[PDB]
Amino acid sequence: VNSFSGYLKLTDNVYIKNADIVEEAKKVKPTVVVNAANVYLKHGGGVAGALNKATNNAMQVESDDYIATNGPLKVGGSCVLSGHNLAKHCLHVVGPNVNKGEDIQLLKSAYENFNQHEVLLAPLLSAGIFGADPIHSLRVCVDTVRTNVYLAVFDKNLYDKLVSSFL
Ligand SMILES: O=C(O)CC[C@@H]1CN(c2ncnc3[nH]c4cc(F)ccc4c23)CCO1
């Protein structure tokens, strides 16, 4: 038993809710919240901009030190950093950004990072400003993640479409 509430169950291990991941994180305080990161950990907009703003920019400060030490992530890769006031940990995962021409096949590699964590609160990778089809992203999630994932979908309209079209 865990504290996630109001989710629709899609499969044995994948759950979905119309929710603001920031508000969901502040209420649940999950062990892991997933950020929709880029390779530079520049949290300017989308999910990343919203999560960073909710930490009063502490996520960005920590991220800049990480990059100065380690260099950029790989597309499809991840790193674990603090969850600040939102979660114990933040798993920064880089899905491919279609608006940069990155290979959509890397979406499966991005979701594989979730399997290193038993339970996660997450957005749909490569959705939103990353330019992928959220329905494809949901399919890859279900077919790749084996650990327990709670997906927060900000837009009510997209949420309804994802549920109604789910196979
Ligand atoms: O941008 C991509 O491709 C990655 C996928 C994201 C998912 N994302 C969100 N998911 C869940 N909660 C969210 N709260 C937000 C508050 C904001 F100010 C902006 C975005 C979100 C947001 C919406 C945009 O797409």
# chains A, B, ... in the order shown; residues from 1 in each chain; ligands from 1
$ residues_near_ligand --ligand "ligand 1" --cutoff "8 Å" --atoms "only C-alpha atoms and all ligand atoms" --output "PyMOL selection string"
chain A and resi 19-22+36+45-51+95+97+122-132+151-155
$ closest_atom_pairs --of "range 54-161 of chain A" --to "range 23-34 of chain A" --cutoff "6 Å" --atoms "only C-alpha atoms" --output "CSV"
residue,atom,partner,partner_atom,distance
A:86,CA,A:26,CA,5.0
A:87,CA,A:29,CA,4.5
A:88,CA,A:31,CA,4.8
A:89,CA,A:32,CA,4.9
A:90,CA,A:33,CA,5.0
A:91,CA,A:34,CA,4.7
A:92,CA,A:34,CA,5.9
A:120,CA,A:32,CA,5.0
A:121,CA,A:33,CA,4.8
A:122,CA,A:34,CA,4.7
$ select_by_dssp --residues "chain A" --states "strand (DSSP E)" --output "count of residues only"
32
$ closest_residue --among "A:78, A:54, A:10, A:38" --to "residue 143 in chain A" --atoms "only C-alpha atoms"
A:10
$ atom_distance --atom1 "CA of residue 84 in chain A" --atom2 "CA of residue 2 in chain A"
20.5 Å
$ select_by_dssp --residues "chain A" --states "alpha helix (DSSP H)" --output "ChimeraX atom specification"
/A:21-28,46-54,58-70,106-112,134-144,156-164
